[PDB]
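Peer 1: mind folding the following:
(chains A, B and C, ligands or ions: 4)
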Amino acid sequence: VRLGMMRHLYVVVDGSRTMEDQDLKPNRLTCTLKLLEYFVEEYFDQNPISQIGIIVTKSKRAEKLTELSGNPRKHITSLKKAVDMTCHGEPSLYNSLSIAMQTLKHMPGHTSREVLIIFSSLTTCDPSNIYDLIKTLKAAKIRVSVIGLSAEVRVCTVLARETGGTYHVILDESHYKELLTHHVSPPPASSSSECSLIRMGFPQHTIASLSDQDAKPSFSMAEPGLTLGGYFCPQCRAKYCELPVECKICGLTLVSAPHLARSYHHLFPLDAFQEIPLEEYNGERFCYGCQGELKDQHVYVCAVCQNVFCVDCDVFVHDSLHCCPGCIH
Amino acid sequence: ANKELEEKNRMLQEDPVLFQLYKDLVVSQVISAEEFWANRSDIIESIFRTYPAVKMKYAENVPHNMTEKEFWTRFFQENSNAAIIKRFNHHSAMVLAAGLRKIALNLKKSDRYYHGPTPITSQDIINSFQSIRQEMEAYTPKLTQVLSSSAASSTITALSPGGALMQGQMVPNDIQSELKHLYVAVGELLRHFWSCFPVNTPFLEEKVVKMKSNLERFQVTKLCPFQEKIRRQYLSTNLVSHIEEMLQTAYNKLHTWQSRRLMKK
Amino acid sequence: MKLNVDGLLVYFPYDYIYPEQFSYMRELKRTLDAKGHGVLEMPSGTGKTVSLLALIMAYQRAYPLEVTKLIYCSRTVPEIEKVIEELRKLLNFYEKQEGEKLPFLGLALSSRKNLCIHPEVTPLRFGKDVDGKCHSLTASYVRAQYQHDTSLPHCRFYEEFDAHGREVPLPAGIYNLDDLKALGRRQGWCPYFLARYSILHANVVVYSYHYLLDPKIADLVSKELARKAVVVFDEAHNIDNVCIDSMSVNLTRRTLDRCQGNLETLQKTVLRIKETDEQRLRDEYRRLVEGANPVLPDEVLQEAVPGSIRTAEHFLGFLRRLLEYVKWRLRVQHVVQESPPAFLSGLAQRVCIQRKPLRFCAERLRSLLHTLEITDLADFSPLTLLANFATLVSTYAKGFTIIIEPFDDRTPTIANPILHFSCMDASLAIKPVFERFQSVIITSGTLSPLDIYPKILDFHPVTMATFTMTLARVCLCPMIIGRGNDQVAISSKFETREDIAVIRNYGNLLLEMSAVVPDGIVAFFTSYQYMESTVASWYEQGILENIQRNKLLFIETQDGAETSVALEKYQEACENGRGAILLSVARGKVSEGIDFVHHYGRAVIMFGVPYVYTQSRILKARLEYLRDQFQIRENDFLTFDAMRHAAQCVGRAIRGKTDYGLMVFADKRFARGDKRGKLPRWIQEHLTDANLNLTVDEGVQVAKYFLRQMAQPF
Ligand code: SF4
Ligand SMILES: [Zn+2]
Ligand SMILES: [Zn+2]
Ligand SMILES: [Zn+2]
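Peer 2: Numbering: from 1, shown residues only, chains lettered A, B, ... in the order given. Ligands and ions are numbered 1, 2, ... in the order given. Next up is the structure itself:
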């Protein structure tokens, strides 16, 4: 299934009073903020070309905590600040969705617009009806995948399925990581969603030519001191401290080569390995992947390389490395 | 109405960055300000929205020989039992009415990724393979073969800052603020200039903006060297050449694309 | 999905059936095979009709001679409309399997008020007014006048229906009330009478109880033609109340005053008739000598002779005498009086009215009324009510009682006394159903134990089967909260109702539950007066305000118009994220009428056991007789009524499609073994002792946990 390589997802978090309640081990709001930090850090770590923007809705008002950006550190910093947020009021789903729609309305067609709403308080007081907004969202091809907390509220139930997104509820804190971890992967592009080519430029890192000859002093582009060398642009010719950052002038995405290669594993998912507990003529006592003795009655094998991988190797391969070591050969 | 005038007053002093750079475009009398903007309690309110009777009363009972404190007093003021049920149903209904305003993927060449964007007889394999096969029949030469005083010492000298493989100034600070102001000044005005440049815009209405923007590039950059000249003639140190690239490269893109326009015609 | 039942092979449209369904079909077949009346309970409101219907279809094909027609009744017409859809879906599936049309006809009857095509009766909504107009249009004089084709509006639909509807019966098809109305329009035939004719040959006929219980109308449409028919009732747990209400007739001072005025109009009408038409109408006297319907059942009904009353002048005085006796006997100021057999003796001695002439008064009134060519029966409807009461008392009083209330409750002094003739046993009015029809299956949900029904209704069931729904996921999660955070008794006892803590505990439970319960929740109280006091107590405190902040709250009132608007707003709240807390009374008409489905009444709350005011004499007479006869303890039946009624309103949350919904009982009384025993099997068996006495806060926590498990998909 073709996926949306570049996606603009908004993580809407409810500043409802229900977040004050501590059903989980720590305060619910802190737990979401703590774990949301993992998603934000991991979201870019598995999709560099994508960008994220967080919204916090409290006291029936939806305020953009952070705009769309490609730097996880900036977003993470806002999360740390938001820990001490008052968290007093009632959320307004219409206000939150309207805010996201305005920003996402002008987004390019190629990108896969998405929204992730962390619903905590089952109540949703809104200035106007949301069904009209729901119709607008479908015409706007925005995927809203709410993640409820301790409530299978009907209003969000129609929202996820009608809009094409997915709804979920937190069975427990451990299950909470799985739900958001699932959304890290680029959701498949549906029939309605379309794709298009996107222009991009690769900023070649440059430093002083020859012992500060014809140097290129400059400070930064969004107390930055003078920099001897930094990333430039094919068109901006502006010094960018770090990548990937959208051109502040061109509007064209700048991204290094490794970043694009980071998402190739999505295109070629590794086929799952059949699990056979018995040895099954496997004469290699040591696991091929890790050269470690198999102390468990479990084995994994490919359909091409037909190698042997223990539980630890298969877990690691399908979790992080996203490729079969021996089958590369 | 004078909507723009009120907007300017709100941003006149509330936000320095927005107004600071806009004035600079007029400090030297570069271009007209028209193109600048052209291109770019709770409790009473709840009762105001909820109870129409209060809304009607407020309009008719607008403060006249009275006090707001007295008005607040008027708010809280078997048959009586039914009133609570009716009021709550009416109150709840009013609140409800208040919030209701009237594809499998496929590919043809996957090997290209394996040899990705990064760019770049037979007997030799046999000859080399046999020679190395007999190489290690003598092993454990660690005593002297691994390193020598001369070889080890040579490495240390190389690792020194003077040696090979080890290659190895914030004097202006007040001028830094001006450059940052200039950098934002350049960034502020290039954005509009480059807003329509990437898109061809084969339309007179959209192309006219390009011509005005293209001409405006000279006007804004006409005054740029004058400010540059003052800064340059201070100590002839820490030359600022990067700022020139954006303007010079903007010219080159302007001249080249403008020339390309003539060829297309 | 054909099912090879032990008795035979039964077609089934849906993909799969739960194990309880296997028991349902075989249990039903057992009674059908034995051809004996029985009673059974099945939890699921939806899928029960099709499973019930599916066997009958297979049974009818296997043994067409054994069963003539199917009579499947439903409580309310809005609910019977969805039933025929299930039958329509089954017929298409069965017809598709066969591949050709089969001699199967299904239709639903109803009153002319609900369905009709005549423009004149369309604007009218009152049921009585519709009959008056239709009767006048279809009156013999209009029909006789229709032959003359004089200048007068004649209802064309009935005129052509008689010439056409009589000759050609509809071969087959399924026609709901909405569909049936369209058929009459295109064919120019009565949607009502056409259905009535179809009853002669209609494999499946479905209509409300009031068309099968009251002898006035039920008997005529339920003629002996159904010698051996599978008559079935749906959700007929309160069958006795409907059955008894049919016999019960209420005479009031306002009604009596209307009768006196109507009687004067009747006297004036006779005077006009005498001067205008005497000879032709006098012929009916010969017909009377030769020899709106009587409420007497088949055996009880008598038509020997009209009696002494044989003329309009004589008959009117007879009603004049009887009306005065009731007028005087009603105006008497005293304690509530009971006199089932003595009222007939008192009336007979006081004003010299023998019972035998008085028995035919109701029938004579209709016959005499027909001779008067009246404009409509709506104006004189109260007079017929007195006539129906007049004949009923004179017919039999063994299982009845005349209750007179000079002073009405809830009023220190009222000048509008009401004379009650409430019955005491429902077996009397339902008796003809049992003999006329070989077997009757009383299928119902939330049914308190079956063994009592044979005691209440004089019948011998073939089987007593209780079914509990079996699903891969435990949809319903019942609980009883008898103890609050204060660990104080929370029973809504009459003496303990005044307790502030008990009232506070309910507010705390609702406030806390509203926080966890998603959009859609309903709370049931014991009475409107108690509901107002609890609401007022919460209103004075901040509990109600906090509840309002947590979710929207709606209260129910006696008037239907307010209830309809509020209920419509409630459904809007659930659709949005606001949610609504609809406070209602268990015995209010809103609770029985409304049905709660997914994201509607998610957490049904039963605030206190539902009990009626014991001071009500009418209930006492009914309660006393059940203690006097059939050997039922007074408290047992009273608890039975609450337990059966409490289960009635709270069982809607599990309508069908395995939509998660929890039920919380805010009373320690339910935790008692006696209350649990009377609880329905499906609700009872799922309920466990561990959660039986959950604390108000403890119950909330488990409710939150319960939602989590149900929230995730399968
Ligand atoms: S005769 Fe038929 S069409 Fe006319 S009013 Fe009666 S039911 Fe309606
Ligand atoms: Zn650029
Ligand atoms: Zn291994
Ligand atoms: Zn492999």
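
Peer 1: neighbours of residue 169, just the number please.
Peer 2: Answering for chain A, as no chain was given. Neighbour count for residue A:169, taken as other CB atoms under 10 Å in any protein chain shown: 24. C-beta: built from backbone N, CA, C; applies to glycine.

Peer 1: that's the other chain; I wanted chain C
Peer 2: Residue C:169 is flanked by 13 other residues according to other CB under 10 Å.

Peer 1: cool, and residue A:155?
Peer 2: Neighbourhood size, residue A:155 [other CB under 10 Å]: 25.

Peer 1: what about the host helix or strand of it, near chain C?
Peer 2: Assigned by DSSP states H and E, residue A:155 falls within helix A:154-163. Yes. Judged by CB under 8 Å from any CB of the partner chain, helix A:154-163 comes into contact with chain C at A:154-157.

Peer 1: show me where chain A has its strands.
Peer 2: Secondary structure of chain A by DSSP state E: the strands cover A:7-14, A:51-58, A:61-64, A:112-119, A:143-144, A:147-148, A:168-169, A:200-201, A:205-206, A:230-231, A:253-254, A:274-275, A:300-301.

Peer 1: in a markdown table: those strands, plus distance to residue C:546.
Peer 2: Listed next are those as a markdown table, based on distance: least, CB to CB, whole Å:
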| stretch | distance to residue C:546 |
| --- | --- |
| strand A:7-14 | 19 |
| strand A:51-58 | 19 |
| strand A:61-64 | 22 |
| strand A:112-119 | 21 |
| strand A:143-144 | 30 |
| strand A:147-148 | 22 |
| strand A:168-169 | 25 |
| strand A:200-201 | 54 |
| strand A:205-206 | 60 |
| strand A:230-231 | 56 |
| strand A:253-254 | 50 |
| strand A:274-275 | 53 |
| strand A:300-301 | 56 |
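
Peer 1: quick one: stretch A:197-212 near ligand 2?
Peer 2: No. Shown here: stretch A:197-212 not in contact with ligand 2 (CB under 5 Å from the ion), separated by at least 6.5 Å.

Peer 1: what's the first helix or strand after the host helix or strand of residue C:442?
Peer 2: According to DSSP H and E, residue C:442 maps onto strand C:439-444. Counting by DSSP H and E, the element after strand C:439-444 in chain order, helix or strand, is helix C:452-456.

Peer 1: partner strands of the helix or strand just after that next one, with direction?
Peer 2: Downstream of helix C:452-456, the next assigned helix or strand under DSSP H and E is strand C:464-466. Using DSSP bridges, the strands paired with strand C:464-466 are strand C:38-41 (parallel).

Peer 1: is residue C:483 in a bridge, and if so with what?
Peer 2: Going by DSSP bridges, residue C:483 is paired in beta bridges with residue C:489, residue C:695.

Peer 1: what about it, how many neighbours?
Peer 2: Residue C:483 is flanked by 19 other residues according to other CB under 10 Å.

Peer 1: same question for residue C:141.
Peer 2: 11.

Peer 1: and the helices in the stretch 1-150 of chain B?
Peer 2: In the stretch 1-150 of chain B, the helices defined using DSSP state H, counting those that start in this stretch lie at B:3-13, B:16-27, B:34-39, B:42-50, B:52-60, B:68-76, B:79-98, B:111-114, B:122-133, B:149-159.

Peer 1: got the CA coordinates for the shortest one in CSV?
Peer 2: Looking back up the chat, that one is helix B:111-114. Taking C-alpha atoms only, helix B:111-114 is exported to CSV below (Å, rounded to 0.1, in the frame of the first residue of the first chain):
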residue,chain,number,x,y,z
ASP,B,111,18.0,-1.6,-7.5
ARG,B,112,18.5,2.2,-8.0
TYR,B,113,17.9,2.6,-4.2
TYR,B,114,20.5,0.0,-3.4
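
Peer 1: just to revisit the earlier point, relative to strand A:112-119, how tilted is the helix holding residue A:155?
Peer 2: On the basis of axes from the mean of the first three to the mean of the last three CA atoms, to 10 degrees, helix A:154-163 is oriented at 170 degrees to strand A:112-119.

Peer 1: what is helix A:154-163 packed up against?
Peer 2: Helices and strands touching helix A:154-163, by 3 or more CB pairs under 8 Å, 6 or more residues apart in numbering or on different chains; DSSP states H and E, are helix A:131-139, strand A:143-144, helix C:560-575.

Peer 1: one step back: redo the residues of helix A:154-163 next to chain C as JSON lines? Include distance to ligand 3.
Peer 2: Formatted as JSON lines, the residues of helix A:154-163 next to chain C follow (distance: CB to the ion, whole Å):
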{"residue": "A:154", "distance to ligand 3": "47"}
{"residue": "A:155", "distance to ligand 3": "48"}
{"residue": "A:156", "distance to ligand 3": "42"}
{"residue": "A:157", "distance to ligand 3": "43"}
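
Peer 1: what is the nearest of those to residue C:105?
Peer 2: Of all those, residue A:154 has the smallest distance to residue C:105: 40.0 Å, by CB to CB.

Peer 1: check which residues of stretch C:680-692 are buried.
Peer 2: Neighbour counts over stretch C:680-692 (16 or more other CB atoms under 10 Å in any protein chain shown) mark C:680-684, C:686-687, C:691-692 as buried.

Peer 1: for ligand 3, what are the nearby residues on chain A?
Peer 2: Proximity of chain A to ligand 3, by CB under 5 Å from the ion, involves residues A:287, A:289-290, A:310, A:313.

Peer 1: OK, contacts around residue C:563?
Peer 2: Counting by CB atoms under 8 Å, 6 or more residues apart in numbering or on different chains, residue C:563 touches C:556-557, C:589-590.

Peer 1: any of the residues of chain A next to ligand 3 buried? List them.
Peer 2: Neighbour-count burial (16+ other CB under 10 Å) applied to the residues of chain A next to ligand 3 gives A:287, A:289, A:310, A:313.

Peer 1: so which bits of the longest helix along chain C are buried?
Peer 2: Ranked by number of residues, the top helix in chain C under DSSP state H is helix C:253-276. Using 16+ other CB under 10 Å as the test for burial, helix C:253-276 gives C:253, C:255-256, C:258-260, C:262-263, C:266, C:269-270, C:273.

Peer 1: counting neighbours, what do you get for residue B:32?
Peer 2: Around residue B:32 sit 10 other residues, with neighbours defined as other CB under 10 Å.

Peer 1: can you tell me how far residue C:380 is from residue C:88?
Peer 2: 41 Å (CB to CB, to the nearest Å).

Peer 1: between the two, which has more neighbouring residues?
Peer 2: residue C:380 (24 against 16).

Peer 1: how much space between that one and residue B:191?
Peer 2: Taking CB to CB, one finds residue C:380 at 88 Å from residue B:191.

Peer 1: which of the residues of helix A:154-163 next to chain C has the most neighbours?
Peer 2: In terms of neighbour count, residue A:156 stands highest of the residues of helix A:154-163 next to chain C at 27 neighbours, by other CB under 10 Å.

Peer 1: surely that residue meets residue A:121?
Peer 2: No. Using CB atoms under 8 Å, residue A:156 is not in contact with residue A:121; the gap is 11.5 Å.

Peer 1: where do the helices sit along the stretch 151-265 of chain B?
Peer 2: For the stretch 151-265 of chain B, the helices defined by DSSP H, counting those that start in this stretch cover B:174-196, B:204-232, B:242-264.

Peer 1: this completes my enquiry, with thanks.
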